[PDB]
């Protein structure tokens, strides 16, 4: 079902075409699951995701984090990804809310395109992340108090 799940999606715009595709996949999963209505917020980069996810988790049962980090010529990629990983993990446990990871972390643009659910893509990580968010929210709802 999942139609009663309050879902938020925060998507980084850094690689616009790929981020738009991840967002499309997330929104289509939500729509397919009976949510035509998720809260959608855009941020500039992946690093801005956790603070916005933290705000969203106050008013939602699940948050999907979307974005694309692609390795460049420096170590910077490692640190961007470390920040996202540490931040989203903290947000999830602070708020006891699933924060689904649909942030691609690839070595090449081709790899990211192949994982964004564009027409020729092998998979759609934004869609996958949204399923995980919704499933976990439903699971937590059942585990928690009702009587």
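Residue numbers count along the first chain shown, from 1.
Asks: Looking at the deposited entry, does 31-39 or 85-93 carry the larger mean Cα B-factor?
Replies: Taking the mean B-factor of the alpha carbons in each, 31-39 is higher.
Asks: Higher mean Cα B-factor in the deposited model: 96-104 or 118-126?
Replies: Looking at the record's C-alpha B-factors, the answer is 118-126.
Asks: Which one, 48, 55, 109, 61, has the peak C-alpha temperature factor per the PDB entry?
Replies: Among 48, 55, 109, 61, the highest C-alpha B-factor in the entry belongs to 109.
Asks: Split into thirds by Cα B-factor across the chain's modelled residues, where does residue 19 land: lowest, middle or highest?
Replies: Its C-alpha B-factor, which the entry lists for residue 19, ranks in the highest third among residues of this chain.
Asks: Based on the deposited C-alpha B factors for this chain, I'd like to know if residue 136 is in the lowest, middle or highest third.
Replies: Answer is lowest: the recorded C-alpha B-factor places it there.
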